[PDB]
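Just so you know, these numbers use all the heavy atoms, side chains as well, and skip hydrogens, waters and symmetry mates. The sequence lines fix the lettering, A, B, ..., with proteins before strands; numbering per chain opens at 1.
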Amino acid sequence: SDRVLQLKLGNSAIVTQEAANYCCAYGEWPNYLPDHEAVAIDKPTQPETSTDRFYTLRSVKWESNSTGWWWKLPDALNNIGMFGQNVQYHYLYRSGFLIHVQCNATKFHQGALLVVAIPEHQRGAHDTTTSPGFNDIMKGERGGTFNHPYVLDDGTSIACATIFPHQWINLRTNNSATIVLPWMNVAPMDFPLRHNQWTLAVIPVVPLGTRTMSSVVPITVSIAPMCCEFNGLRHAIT
Amino acid sequence: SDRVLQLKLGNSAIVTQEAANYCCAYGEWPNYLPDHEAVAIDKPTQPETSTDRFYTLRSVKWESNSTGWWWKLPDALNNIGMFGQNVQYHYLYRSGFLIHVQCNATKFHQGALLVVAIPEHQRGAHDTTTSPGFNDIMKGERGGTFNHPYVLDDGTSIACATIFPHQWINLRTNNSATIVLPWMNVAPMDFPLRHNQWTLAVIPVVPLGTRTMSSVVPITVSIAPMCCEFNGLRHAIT
Amino acid sequence: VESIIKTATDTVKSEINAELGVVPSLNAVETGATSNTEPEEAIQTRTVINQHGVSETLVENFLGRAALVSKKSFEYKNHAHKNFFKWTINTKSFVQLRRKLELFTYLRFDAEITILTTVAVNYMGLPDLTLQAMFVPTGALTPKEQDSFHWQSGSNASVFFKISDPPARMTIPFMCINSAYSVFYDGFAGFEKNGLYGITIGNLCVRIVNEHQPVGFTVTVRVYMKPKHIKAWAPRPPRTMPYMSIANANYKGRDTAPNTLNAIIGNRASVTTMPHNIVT
Amino acid sequence: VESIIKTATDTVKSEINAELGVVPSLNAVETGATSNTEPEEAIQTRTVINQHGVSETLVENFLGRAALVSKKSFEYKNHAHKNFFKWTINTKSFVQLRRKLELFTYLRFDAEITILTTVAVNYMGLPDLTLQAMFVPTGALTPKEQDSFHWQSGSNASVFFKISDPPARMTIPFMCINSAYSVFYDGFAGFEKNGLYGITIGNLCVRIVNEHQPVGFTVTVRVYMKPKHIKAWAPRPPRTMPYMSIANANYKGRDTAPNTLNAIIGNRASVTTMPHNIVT
Amino acid sequence: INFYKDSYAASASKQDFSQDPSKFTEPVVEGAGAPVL
Amino acid sequence: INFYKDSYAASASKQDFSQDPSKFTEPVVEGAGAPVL
Amino acid sequence: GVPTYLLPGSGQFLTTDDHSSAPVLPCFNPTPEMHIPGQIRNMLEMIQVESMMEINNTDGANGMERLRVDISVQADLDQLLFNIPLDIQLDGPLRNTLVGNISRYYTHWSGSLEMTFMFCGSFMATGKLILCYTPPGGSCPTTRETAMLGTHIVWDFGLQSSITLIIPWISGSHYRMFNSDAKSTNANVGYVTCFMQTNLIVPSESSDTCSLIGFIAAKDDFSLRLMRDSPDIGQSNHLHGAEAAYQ
Amino acid sequence: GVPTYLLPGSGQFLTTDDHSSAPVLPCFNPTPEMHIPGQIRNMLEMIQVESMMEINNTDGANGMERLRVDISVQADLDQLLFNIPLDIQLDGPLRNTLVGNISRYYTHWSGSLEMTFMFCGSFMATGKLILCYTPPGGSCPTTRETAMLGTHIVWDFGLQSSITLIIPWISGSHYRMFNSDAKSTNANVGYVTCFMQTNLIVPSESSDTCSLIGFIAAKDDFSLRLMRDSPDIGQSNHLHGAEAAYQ
Amino acid sequence: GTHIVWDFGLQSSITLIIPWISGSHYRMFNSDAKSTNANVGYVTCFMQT
Ligand SMILES: Cc1cc(CCCOc2c(C)cc(-c3noc(C(F)(F)F)n3)cc2C)on1
Ligand SMILES: Cc1cc(CCCOc2c(C)cc(-c3noc(C(F)(F)F)n3)cc2C)on1
């Protein structure tokens, strides 16, 4: 009964019949900014349903030699729907996220994906002293891929990545992962266009394999901002 | 009435009609490991009667020019009966010991043996800087002999050895010595194959003498482990 | 959930188990939760009153150690680094401290700074010089010369110390503009795209106040930092690849294992090979 | 049995004795017990209120003295022991301390460490150098050079002191993995037979932080240890034969008495010869 | 204690013995030996 | 007393005046001037 | 005035001392505290989270291939699949783990460890394995008959994907030590070996070679003592930009 | 601040001082105490245990032969068997004993000593001896008529194998001193001599030469003061391996 | 096995108890000495000294 789950936010809903319970990052849950923690004094806008809903990004194809994928939040959504609009029209934003990564195959398929939400995932470049550039970091909806997943592209290690909020999608066990992320920052709000609180990484620790009929096995990411708040209204930085 | 004594453990018993009371090392008595002193968390095995019984080692012949004998515990018993089996199959052991050294002669014989249980008797080699080797230390049931009993083969002195739990076997007085040894270590348990808590030393401070019919005068050692406990079960290190 | 832990948890004696529908040793890693199998459920245990303390692993203590954050040596002589230096403060120059700090995402702490000075002749004896360490916050003007007006330090905090005195020392309060320092920053410094990715405290300016002597000396200043009143958040995977720059997490890896980009752990003949097997 | 003793026991006056079946002066050494004959039973005594204190023989005091455990002198100069040394800690190098510690089988105590430094020119004056003593526990990496990264001491405990300051000092807690230190170990260090018999704390690494001077100096570091908060178990026969190695109890004895393997006490003409007989 | 006027100048705070491992070890919503699935 | 936070840093403990010589002098089980045998 | 005298240790700088010191910025008001998710107060909290063991640390295995152990349908019985060196001090499969990395900042440890293995083969794949923990003393067992005599768990692949092998704290001394001598009696923890209890059986359309991922973590009865610098990080030269900080 | 001034003695390092000092490892948790047999709290406990006197410290006696005094069936009466120099400071039969060794770590002593002799001849052997303690003042007595005038005990060989001679504390001063001058009035303790009270009589099949073992110990009225380094141990060079500790 | 160490002395005699150690309630006087329902075991005597 913890293998079945339905998520409903705004005008969107998702169900899964092969879940693995679900993770609440650091045991927290999203919430609006309380008066005793607030800084920006202008009255904020709380769009609710028009922004707190599931947004599904373009899928990626899980291949035998895939290294892994990543999407940075809120960058990945900064140009999608009303969430993107508010982000472009406001200097400050704040929100949690409900992440649902989905991937199904066959009972003859095997593979295991580590689905981890990394706070402040500051990437590193490989074999050079030059820091990563803007285009190396800001991929938007498309997201990026890992060059050296073994060290999470930052000189550390995927082996210890489990220290971060995560779940796995082990094909023989489940077909989706769900992670609820609360606001994660040292400030009550932030400027959405130049800083990413979380990075969603989906890495195939165990490659996709099977001896049955070969078919395209996609991986799809659906993300729903939660308890969105926006301050510092101005024109849009499209 | 303190010249007569019977010791009974498990299926073994010993009596002596010429004892000299008996020594309880440091006034202590063997006991099982209490919960508030325990370290190894696995449930231990307490064999009781199959291990807590008297084991008699091969005798030695007391000669006019003998220098003394020694047996290290638990090494001396690590290959005898069920005690030895448990020791070979477990990583950790713990136990006290009831030592009974016996030697009788004639009312025309004279001789005095110092029977002392030395804790942590770390041997030293003579006239060399090289530390004693494995075979110099691990003699098993046979035990070893002193090269320079005068200094207890460790650069100290037999004269002050009485500081350790002991008794004497003075032929005109008694024919046996009994010493009860409690667990002696800085740890609640230990690995039986590479460390000896006690060393039983029997040294003839006063040589054997007589003018009557000459006959072989043996010295026999019987040792009974007490309150045995074993932890860390695995295969046998035979 | 939350509770006060002063010692390692005790162990309770456990009995034989043969219960249907109860499989404590089975788990599901996919949930993201760590195995919750207790020793008492995996094997038969005895009762153990564990008195092992857990103080040394308190974050306050783990990070509560003075570590070298800066080391600079220069020539003290007649320059006809001119008898003083300016250091743009950062905590990414020395790997020992850096790696520990980077075990966390966010850190809030006051910083105890200790300054150690040594001198060597370029022998007639060692001079007991007086130095001035001035904290020049972001936006303030940094000294242009050994004797420029900046050193009158009317508002900046300065500390004057002699080489013969014990190392200088003072506490820098937690001074971030946020509730905690960002050990890692997945963002850019400016509103334009040409900005710097990742990762300002200011400049520590140190000079010898004494005028130059007839001969030259080499003076080395070592600065140590010890965080205290610490609060930490979101532990992270430890650094494995050698560091390359103080400005980023760029990596390359050692030339040969261990810690090569290709293999963090050194190789063994096979998965059935026991490296330091006991040959009794 | 157990009781609080603050002064030597008093003596009670005793009268004449002629009791049958009562022979206090007779004993049986074979029992292993020491004679329990009281002075009052051996001769006629008077009453004596003995006020002699017994404080100086308290174990805490007997062992509570700072003793030299390490002494190392090296050359402080341009090496083109390179201005630093690594000492594998042990308490068996100096006989005075060693013998006292070896009067016991087990010892539990915190250790107060004091470091004394002196220097000599190889005359233009003595430099007031700064040194760093770093405690490198078992398994940690030891410095390879006078200025290697190891010295940034991010977690190891280091103490920086000047030659002009009072000796450096700190307390090392009782740090055994057991309830007490094993002054003697009748066992081997490893699971294999080739292991070392008998008898790890770590390494004390000391360097001069100052760069080398134009001339050379000899620097000597003396380390002293004073145990405190002491608990001792199982007294032992004192060492008589001179020590040979720090790694074992090997013995050889002096060439001639006293303390020769053949005779610990020097000889006298005969058992009826009084050595320092008073010739009035 | 602390003789300076600013509280941040005080010595270390080594008394925070509270902890909640579960936020890292069991961040799952639905909480023995019963099948976790 | 002790101004350091760790109790092991304290000065010496010279007040343990209890003792039981008998554990070394009379380690015999069966306890005047009567024959010890 | 008050008569005083300086004690040895006066004027020294002990990196581990603990005293108050002059505040550089008097009357400074630190930023108000805010609640932030994931606060950690004791490093023990961190090492209780299981992380991946690099069990396949062999030549030919690159990157993540080193994190998974591949097992295939056997032709013989009671086959040994792999063993795990329990070296935390000496480089080994356990070194680069949360528990391993953090423990290496200390010298003494005590407590039970736990190894969890997740089977990542296809759903149609079945099998039973036996994971054994062998307390120290002898050579690492090479046959199931021998391994089977130690602490173990028989694992049946099924809906619950993972099994846990508790490595109970079984030591003579209260603590073990991270000795540079792997065969030391105060350091060696023993061995972990894995054998087929039965065999890995899969149908024609399933891969006949499957991977296992092993994780390890400390339990709450764990304790670490005597902090030291980790041997896992070093520096030979200045890092790029380190010197430019003075320019 | 507080006005102060440094006193003479400031900055010095007295090996016998007693102060607290900075803890190297903050928050370190020492291993829990466990009960261990044989705890000793005062060195006086140790010297109360009797140990063997090397009475036969003569040329020709090697090793343990020096620990036993051989007495044989006499042909004459009132024969002197042996005497014992009571030198604890000057090398003598009492020096290498528990009481002797430990006392030599001090300079002043006070209290009664006790000498116990155990007869180790055959059971069929009989005899009576007289052990005399002679307070200082003159020459060591050489005849029983003279020795007999001091503190003594007449010993009858029998079932109880051992006899005890109490050397009562008889001194003018509260303490005696371990002077390098054996004839000093503050050091000399007197003499102990042993004569045949009757004779050693044995039958044909018993050895006609028997040994005695002498032990000595302090009573509970003993006290030691003014600690010093023992003259019983020295060093001329580095011990083997001492220098290799730096390699 | 089950044993007693005997020291010759004033008490002239020693007793060795052969405790009833059997699987079955009773043993049998089988004409087959090696029968599992008949064989009682052995008694041996050695010099201790
Ligand atoms: C990220 C991050 C940022 C920090 C703050 C480090 C602060 O340390 C500096 C500061 C602000 C001041 C001095 C300093 N040195 O001397 C003086 C004085 F002159 F004010 F005393 N201040 C030294 C360092 C390293 O820690 N982590
Ligand atoms: C057996 C046995 C073991 C011991 C422990 C001796 C501990 O002494 C060492 C230690 C651990 C540390 C230092 C030390 N010196 O300096 C430092 C500092 F740098 F940490 F301060 N530590 C010196 C010695 C001799 O005592 N008996």
Margin query: Between H:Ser223 (side chain only) and D:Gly53 (backbone N and O only), is there a donor and an acceptor less than 3.5 Å apart?
Written below: yes

Residues at least two apart in sequence or cross-chain that pass ring-ring contact (aromatic ring centres under 6.0 Å, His included) with D:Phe84, listed by chain then number, are D:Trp151

Most contact-rich option vs chain D, by heavy-atom pairs under 4.5 angstrom, among H:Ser112, H:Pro32, H:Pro168, is H:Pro32

For the side chain of D:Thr57 and the backbone of H:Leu224, is there at least one donor-acceptor N/O pair under 3.5 Å apart? no

H:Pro85 versus D:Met274: any side-chain heavy-atom pair under 4.5 Å? yes

Considering only heavy atoms from C-beta outward, does the side chain of H:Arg95 approach that of D:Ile264 to under 4.5 Å? yes

Whether D:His52 and H:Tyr175 hold their rings parallel, tilted or perpendicular, with breakpoints at 30° and 60°: parallel

Note: vs chain H, highest number of non-hydrogen pairs under 4.5 angstrom among D:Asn61, D:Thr273, D:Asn27 is D:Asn27

| Between D:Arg236 and H:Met46, is any pair of side-chain heavy atoms under 4.5 Å apart? | no

Across all chains, not counting sequence neighbours, the side-chain hydrogen bond (donor to acceptor under 3.5 Å, both in side chains) partners of D:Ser93 are D:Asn90

Answer key: most heavy-atom pairs under 4.5 Å with chain H among D:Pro39, D:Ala234, D:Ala232, D:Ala157 is D:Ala232

Minimal heavy-atom distance between D:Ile43 and H:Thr151, with the atoms involved, is CG2-CG2, 3.9 Å

I want to check something: taking the side chain as every heavy atom from C-beta on, are H:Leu25 and D:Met175 in contact at a cut-off of under 4.5 Å? yes

Is the backbone N or O of D:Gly266 less than 3.5 Å from a side-chain atom of H:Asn57, with the two atoms forming a donor-acceptor pair by type? yes

Listed by number, the residues in residues 245-253 of chain D that come under 4.5 Å of chain H (heavy atom to heavy atom) are D:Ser245, D:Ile246

For a 4.5 angstrom cut-off between non-hydrogen side-chain atoms, does D:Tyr243 reach H:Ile233? yes

Test item: H:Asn101 side-chain N/O and D:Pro238 main-chain N/O as donor-acceptor pair under 3.5 Å: no

Q: May I ask you to decide if D:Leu26's main-chain N or O and H:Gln160's side chain share a donor-acceptor pair within less than 3.5 Å?
A: no

Bottom line for D:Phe94: the part with an atom under 4.5 Å from chain H's heavy atoms is both

Backbone N or O of H:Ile55 within a donor-acceptor pair of the D:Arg268 side chain at under 3.5 Å?
yes

For the residue pair D:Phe85 and H:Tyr246, does the interplanar ring angle fall in the parallel (under 30°), tilted (30 to 60°) or perpendicular (over 60°) class?
perpendicular

Handout entry: Distance-only polar pair, side chains of D:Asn267 and H:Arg66, donor-acceptor under 3.5 Å
Key = yes

Heavy atoms of H:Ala245 and D:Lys86 approach each other most closely as O-NZ, 3.4 Å

Smallest heavy-atom separation, D:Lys228 atom then H:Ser20 atom, equals NZ-CA, 4.2 Å

Is the backbone N or O of D:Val29 less than 3.5 Å from a side-chain atom of H:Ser162, with the two atoms forming a donor-acceptor pair by type?
yes

- prompt: Any side-chain heavy atom of D:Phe174 within less than 4.5 Å of one from H:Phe28?
  reply: no

- Is a donor on one side and an acceptor on the other found under 3.5 Å between the side chain of H:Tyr106 and the backbone of D:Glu56? yes

Polar side chain donor-acceptor pair, H:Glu114 to D:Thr37, under 3.5 angstrom:
no

Tell me, do D:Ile113 and H:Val24 make a side-chain contact under 4.5 Å, heavy atoms counted?
no

Heavy-atom distance under 4.5 Å between the side chains of H:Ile166 and D:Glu38, does that happen here? no

Residues at least two apart in sequence or cross-chain that pass side-chain hydrogen bond (donor to acceptor under 3.5 Å, both in side chains) with H:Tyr105, listed by chain then number, are D:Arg99

Checked D:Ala42, D:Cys176, D:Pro173, D:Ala269 vs chain H; the most non-hydrogen pairs under 4.5 Å come from D:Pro173

Query raised in the report: Side chains of D:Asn277 and H:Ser139: donor-acceptor distance under 3.5 Å anywhere?
Result: no

Task: Exam field: side chain D:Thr34 to backbone H:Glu50, donor-acceptor pair closer than 3.5 Å - done: yes

(message) Quick test of your reading of the model: are H:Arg41 and D:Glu2 salt-bridged, counting only N-O distances below 4.0 Å?
(response) yes

(Q) For a quick check under 3.5 Å, do D:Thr171 and H:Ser21 share a side-chain donor-acceptor pair by atom type? (A) yes

- With the threshold set at 4.0 Å, does a side-chain nitrogen-carboxylate oxygen contact exist between D:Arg169 and H:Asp17? yes

